[PDB]
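**Q**
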Amino acid sequence: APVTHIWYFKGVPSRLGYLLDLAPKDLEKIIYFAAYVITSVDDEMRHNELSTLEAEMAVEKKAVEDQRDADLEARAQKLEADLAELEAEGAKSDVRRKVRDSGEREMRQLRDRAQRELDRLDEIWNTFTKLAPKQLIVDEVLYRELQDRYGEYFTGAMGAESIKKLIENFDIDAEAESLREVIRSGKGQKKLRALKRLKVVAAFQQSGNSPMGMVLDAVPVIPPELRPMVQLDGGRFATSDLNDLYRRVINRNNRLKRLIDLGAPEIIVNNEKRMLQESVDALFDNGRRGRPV
Amino acid sequence: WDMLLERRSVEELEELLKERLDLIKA
Amino acid sequence: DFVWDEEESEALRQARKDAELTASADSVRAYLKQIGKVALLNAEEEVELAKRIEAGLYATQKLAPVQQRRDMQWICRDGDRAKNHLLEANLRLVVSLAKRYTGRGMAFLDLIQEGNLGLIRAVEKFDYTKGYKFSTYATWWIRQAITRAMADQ
Amino acid sequence: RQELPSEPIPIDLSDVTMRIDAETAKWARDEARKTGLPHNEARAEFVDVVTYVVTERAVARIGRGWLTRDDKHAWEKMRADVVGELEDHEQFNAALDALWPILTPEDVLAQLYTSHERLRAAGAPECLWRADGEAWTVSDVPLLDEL
Numbered sequence: 213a214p215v216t217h218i219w220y221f222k223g224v225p226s227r228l229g230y231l232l233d234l235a236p237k238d239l240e241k242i243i244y245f246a247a248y249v250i251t252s253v254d255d256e257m258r259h260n261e262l263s264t265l266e267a268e269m270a271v272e273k274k275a276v277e278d279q280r281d282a283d284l285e286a287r288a289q290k291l292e293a294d295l296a297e298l299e300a301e302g303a304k305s306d307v308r309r310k311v312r313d314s315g316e317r318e319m320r321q322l323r324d325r326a327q328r329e330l331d332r333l334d335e336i337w338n339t340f341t342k343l344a345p346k347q348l349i350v351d352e353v354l355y356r357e358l359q360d361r362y363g364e365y366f367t368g369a370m371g372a373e374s375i376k377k378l379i380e381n382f383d384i385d386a387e388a389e390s391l392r393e394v395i396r397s398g399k400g401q402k403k404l405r406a407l408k409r410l411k412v413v414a415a416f417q418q419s420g421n422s423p424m425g426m427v428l429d430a431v432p433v434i435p436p437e438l439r440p441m442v443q444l445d446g447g448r449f450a451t452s453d454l455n456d457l458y459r460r461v462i463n464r465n466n467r468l469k470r471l472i473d474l475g476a477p478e479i480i481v482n483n484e485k486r487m488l489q490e491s492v493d494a495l496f497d498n499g500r501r502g503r504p505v
Numbered sequence: 003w004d005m006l007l008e009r010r011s012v013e014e015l016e017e018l019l020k021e022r023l024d025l026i027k028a
Numbered sequence: 108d109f110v111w112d113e114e115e116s117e118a119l120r121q122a123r124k125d126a127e128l129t130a131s132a133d134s135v136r137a138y139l140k141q142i143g144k145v146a147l148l149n150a151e152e153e154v155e156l157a158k159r160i161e162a163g164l165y166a167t168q169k170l171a172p173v174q175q176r177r178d179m180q181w182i183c184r185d186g187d188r189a190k191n192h193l194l195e196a197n198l199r200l201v202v203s204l205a206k207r208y209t210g211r212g213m214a215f216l217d218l219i220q221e222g223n224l225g226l227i228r229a230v231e232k233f234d235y236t237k238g239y240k241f242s243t244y245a246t247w248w249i250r251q252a253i254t255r256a257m258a259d260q
Numbered sequence: 105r106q107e108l109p110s111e112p113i114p115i116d117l118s119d120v121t122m123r124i125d126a127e128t129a130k131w132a133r134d135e136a137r138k139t140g141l142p143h144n145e146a147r148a149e150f151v152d153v154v155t156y157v158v159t160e161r162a163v164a165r166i167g168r169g170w171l172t173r174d175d176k177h178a179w180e181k182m183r184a185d186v187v188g189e190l191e192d193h194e195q196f197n198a199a200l201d202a203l204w205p206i207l208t209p210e211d212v213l214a215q216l217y218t219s220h221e222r223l224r225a226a227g228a229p230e231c232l233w234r235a236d237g238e239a240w241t242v243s244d245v246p247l248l249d250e251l
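Sequences listed follow chains W, X, R and A, in order. If you count the first sequence from 1, position 241 lands on 453 in the numbering used here, and the numbers rise without skipping. If you count the second sequence from 1, position 21 lands on 23 in the numbering used here, and the numbers rise without skipping. If you count the third sequence from 1, position 50 lands on 157 in the numbering used here, and the numbers rise without skipping. If you count the fourth sequence from 1, position 45 lands on 149 in the numbering used here, and the numbers rise without skipping.
Structure follows, in C-alpha cells:
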C-alpha cells in the first residue's frame, strides 16, 4: 500500500498540504483512512444525464409522497375507527382524548420520517450536482450509495492511494501559473497565502523532482550493521530499538499481502493499511504525532 | 474453495444452490 | 457519576501527565467507530448466510440472458456479500478476544488483525449442519490464530 | 462568571457525539468553588473535573460490548486516549472558554457595569451603571487593583 512520507504531511507548514491546497486536518482524515476524497469525474457525458438523474430523484420523491400519504392515512383511519368503536359508548372524555394523543404522536413520527427522507433525497441531488475532483465526503453510507450507481460518473478512494492519484493528476505548471497570476492580479491582504503556497509549489516546477516522492511504493532498509543487537547472559537482550520498528513494518506488509490474497472485507484491509502506514511513519519519525511504543 | 467440496458432497452444494435460486425466484 | 475525590483525581492525574501524545499503535478508536454499524444475528441468519456463502463459492467456480444464467450471476455476488456481512457482524468478538493478551509487548491492533484472519478462516471453513453457535466457533478460531501469532512473538 | 449553559453544548467530537449539560457544568463549578482558590487558579480544578466526567462518559460510550469494566490497562488506556484527544479539541476549548473564562479586572468591570443584569444578580446598586464600561474613574482604580 502507498504511504505518504511523514516529513511532508505532519508539521506545519504542511508541504504536501500546501501543495494540494487541502488543510492539514482534512489531509489527516484522508491519509489515515477516515474520509473519502473524489478524483477524475465524467464530464464528457454526465451533463446530458443531469436531467435524467433529476427525473429519477423526482419520481422517487413522488413515490415517497404517496407512501407518506398512505402511512399517515393509516394513523388517521385507525384513529377514526377507534373513535367509532369507542364513542358509540357513553364513555368519558378520556377515552376520546387518549386516542387523539396516541394517533397524533404516531402521526408526528411518520411525518418526521417522511420529511427526513425528502431532505435526504435533496441532499443526494445537491451533493451530486457539485461533485468534482479533490472534493471531500465523510459519511460512508452516502459515499457508498453514490458510488454503487452514480460512480459511473466519478471515482474516489481514501488513504495514501487517493493522494497518490490526485498528485499524479496534479497540474504543477498550471497551479504555479495560477498562483503567479493571483499574486500579480491581487491587492488584498489574503494574497500572502498565494505568496506562500507558490514557494512550496514552484519548488517542484523550477527543477522537476516530481512530487510523486511524497508517497512511497518502496521503503529502503539501512545496512544491518548500523543497527546491531546484543544478546546477554541471564536471558536479556539489548536492542538499538529501531530493528523493532523494521520488524513491525515487515510484519504489517506481510500480513497485508496475505490478507488481500483471500479478498478479505475492505474494512479490514483499510485497517491493515492504516496500521502499515503508521508503522512506517513511526519508523521514520516519532514524537511529532506522539510518543512511540 | 477446496474446503467446500472436501467438507460436503457436491450433491449437497448443488441442492443448496438450487434452493437459493428457488428462494430468489419464489 | 457525579463524584470527586483525591483517589478519583489520580485517575485523571496520571492520564493527563502521560497521554498528551498519542501512541497510535493502540489507538483503536477509528476501527471501533467503523465496526459500530452492526447488530447481532440470530440462528436463522446463522444458517442462511452460511448457506449463501457456500452457494456463491460454488457459483464463482462453476461460472468459469435467461433465468438459468441470471440465477447464477445473482448467487455468485450474493455469496461474497454474505461472507462480508458475516465477518463484519463478528468483528466485535475479535476485538473482545484481542483484549485478552494486551500489555505483553503485543500491540492490540496486531491481535485484532490476527483474530480477524482466523475469523476469515472461520467464515468459510464451516458447515451449518453441525449446529454449533457460530460465535463459539469464531472464538475458537480467533484464539487459535492469536496464539499462532503468539508462537512467533 | 461561574456560568453554566442554558442549553447543552455538543462536543462535536470526531467519532462520538458527546455533549455537556448544565448538570455536569453545575457540578464542576460547584467543585471549583469548593476548592477556594482564585478564579484563574481554580480554572485548573474546573477543567480537570469537567475532563474527568466527559472522558468517563465518552469511554463508556466507545467501550460498547467489547469493553465494559476492564479497569486495568484497557479501560484506563481508552481514558488516556480520550483525554489526549480532548485536551486539543478546538470545540472543547471553546466550550471551556465560554464556561469559566480567564478574566482580567477590566473584563470583569466592563461587563459588570454594562450588562445591568449582572449588577442586579451581584447585589450591586444601579447607581453605577454605564454603557461606556471601560471608561475608568479614580473610584474604579482600587477596585481594579483588588480584582
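Where is the CB? At the ideal position from N, CA and C, for every residue including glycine.
Examine chain R for any beta-carbon lying closer than 8 Å to the beta-carbon of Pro432 of chain W, and answer yes or no.
**A** By one-based count along the first sequence, residue 432 of chain W stands at place 220. It does not; no Cβ of chain R falls within 8 Å.
**Q** Return the bridge partner residues of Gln443 of chain W from the DSSP annotation.
**A** Sequence index remark: in the first sequence, residue 443 of chain W carries index 231 (1-based). DSSP output for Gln443 of chain W lists W:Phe449 as bridge partner(s).
**Q** Report the residue ranges of all beta strand (DSSP E) runs contained in full by the stretch 389 to 414 of chain W; include only those spanning at least 3 residues, in chain order.
**A** DSSP runs (the beta strand (DSSP E)) wholly in the stretch 389 to 414 of chain W: none.
**Q** Go to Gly368 of chain W, then tell me how far its beta strand (DSSP E) extends in each direction, as first and last residue.
**A** For the purposes of this step, residue 368 of chain W is identified with residue 156 of the first sequence, where counting begins at 1. First-last of the beta strand (DSSP E) with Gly368 of chain W: 366 to 369.
**Q** Return the chain-ordered list of same chain residues with a C-beta closer than 6 Å to the C-beta of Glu301 of chain W, the five sequence neighbours on each side being excluded.
**A** Locating residue 301 of chain W in the first sequence gives position 89, where the first residue counts as 1. Once the five neighbours on either side are set aside, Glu301 of chain W has no close Cβ partner at all.
**Q** By the three-class DSSP mapping on this structure, what secondary structure does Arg168 of chain A have?
**A** Position 64 of the fourth sequence, counted from the first residue, corresponds to residue 168 of chain A. Residue state, collapsed to three classes: coil.
**Q** Is the beta carbon of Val154 of chain R sitting closer than 8 Å to the one on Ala196 of chain R?
**A** Numbered from 1 along the third sequence, position 47 holds the residue referred to as residue 154 of chain R. Numbered from 1 along the third sequence, position 89 holds the residue referred to as residue 196 of chain R. No, the pair does not count as a contact, with Cβ atoms beyond the cut-off.
**Q** Please say whether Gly186 of chain R and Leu204 of chain R have beta carbons closer to each other than 8 Å?
**A** For the purposes of this step, residue 204 of chain R is taken as the residue at position 97 of the third sequence. For the purposes of this step, residue 186 of chain R is taken as the residue at position 79 of the third sequence. Cβ atoms of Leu204 of chain R and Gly186 of chain R: not closer than 8 Å.
**Q** According to the Cβ coordinates, are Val201 of chain R and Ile249 of chain R closer than 8 Å?
**A** On the third sequence, residue 201 of chain R is found 94 positions in, with the first residue counted as 1. On the third sequence, residue 249 of chain R is found 142 positions in, with the first residue counted as 1. Yes, they are a contact pair.
**Q** In chain R, which residues lie less than 8 Å from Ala178 of chain A when you measure between Cβ atoms?
**A** Within the fourth sequence, numbered from 1, the residue matching residue 178 of chain A stands at position 74. Here the neighbours are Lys206, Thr209.
**Q** Does any residue of chain W bring its CB to less than 8 Å from the CB of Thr243 of chain R?
**A** Taking the first residue of the third sequence as position 1, residue 243 of chain R is located at position 136. By this cut-off, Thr243 of chain R is not an interface position.
**Q** Any beta carbon from chain X within less than 8 Å of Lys190 of chain R's own beta carbon?
**A** Counting from 1 along the third sequence, the entry for residue 190 of chain R is found at position 83. Closer than 8 Å: no.
**Q** Any beta-carbon of chain R closer than 8 Å to the one on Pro504 of chain W?
**A** Numbered from its first residue, the first sequence carries residue 504 of chain W at position 292. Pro504 of chain W counts as touching chain R.
**Q** Short check: CB of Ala256 of chain R to CB of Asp133 of chain R, under 8 Å?
**A** As a working mapping, residue 256 of chain R is identified with position 149 in the third sequence. As a working mapping, residue 133 of chain R is identified with position 26 in the third sequence. Against a cut-off of 8 Å, the Cβ pair of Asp133 of chain R and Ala256 of chain R comes out as no contact.
**Q** Rounding to the nearest angstrom, what Cα-Cα distance links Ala245 of chain R and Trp181 of chain R in this structure?
**A** The count along the third sequence starts at 1 and reaches residue 245 of chain R at position 138. The count along the third sequence starts at 1 and reaches residue 181 of chain R at position 74. When rounded, the distance between both Cα atoms is 28 Å.
**Q** Under 8 Å between beta-carbons, which chain X residues line up against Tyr165 of chain R? List them in chain order, please.
**A** The residue labelled residue 165 of chain R in the question sits at position 58 within the third sequence. Going along chain X in sequence order, the residues near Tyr165 of chain R (Cβ under 8 Å) are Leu6, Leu15, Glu16, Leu18, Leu19.
**Q** Is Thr218 of chain A near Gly237 of chain A, with beta carbons less than 8 Å apart?
**A** Mapped onto the fourth sequence, residue 218 of chain A falls at position 114. Mapped onto the fourth sequence, residue 237 of chain A falls at position 133. It is a contact, given that the beta carbons lie within the stated cut-off.
**Q** Suppose the cutoff is 8 Å on Cβ atoms and the five residues either side in sequence are ignored; what does the same chain contact list for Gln106 of chain A look like?
**A** Walking along the fourth sequence from the start, residue 106 of chain A turns up at place 2. Cβ neighbours of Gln106 of chain A beyond the five flanking positions: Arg133, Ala136, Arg137, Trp204.
**Q** Taking a Cβ distance cut-off of 9 Å, strictly less, list which residues of the stretch 175 to 203 of chain A are near chain R, in chain order.
**A** So the close ones are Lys176, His177, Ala178, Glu180, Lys181, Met182, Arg183, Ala184, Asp185, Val186, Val187, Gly188, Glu189, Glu191, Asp192.
**Q** Less than 8 Å between CB atoms is the rule here; does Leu128 of chain R satisfy it with respect to chain A?
**A** As a first step, residue 128 of chain R must be located in the third sequence, where it is residue number 21. With 8 Å as the cut-off, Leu128 of chain R counts as an interface residue toward chain A.
**Q** So for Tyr244 of chain W, helix, strand or coil by DSSP?
**A** Locating residue 244 of chain W in the first sequence gives position 32, counting from the first residue. Of the three classes helix, strand and coil, the one that applies to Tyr244 of chain W here is coil, per DSSP.
**Q** In whole angstroms, give me the CA-to-CA distance for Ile379 of chain W and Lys408 of chain W.
**A** Position 167 of the first sequence, counting from 1, holds the residue named residue 379 of chain W. Position 196 of the first sequence, counting from 1, holds the residue named residue 408 of chain W. Their backbone Cα atoms lie some 19 Å apart in a straight line.
**Q** Residues bridged to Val215 of chain W by DSSP?
**A** As a working mapping, residue 215 of chain W is identified with position 3 in the first sequence. Looking at the DSSP assignment, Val215 of chain W forms a beta bridge with W:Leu428.
**Q** Starting from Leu358 of chain W and walking both ways along the alpha helix (DSSP H), at which residues does that stretch end?
**A** For this step, residue 358 of chain W is matched to residue 146 along the first sequence. Its alpha helix (DSSP H) spans residues 352 to 362.
**Q** Using the beta-carbon of each residue, which ones in chain B are nearer than 7 Å to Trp131 of chain A?
**A** Protein chains in the displayed structure are W, X, R and A, and chain B is not among them.
**Q** Three or more beta-carbon pairs under 8 Å between the stretch 444 to 462 of chain W and the stretch 409 to 425 of chain W, yes or no?
**A** No, the stretch 444 to 462 of chain W does not touch the stretch 409 to 425 of chain W.
**Q** Smallest Cα separation from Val153 of chain A: which of R:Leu128, R:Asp178, R:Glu115, R:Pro172?
**A** Residue numbering aside, residue 153 of chain A sits at position 49 when the fourth sequence is read from its first letter. The residue with the shortest Cα to Cα distance from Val153 of chain A is R:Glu115.
**Q** Taking 8 Å as the CB-CB limit, is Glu195 of chain R close to chain A?
**A** Numbered from its first residue, the third sequence carries residue 195 of chain R at position 88. It does not; no Cβ of chain A falls within 8 Å.
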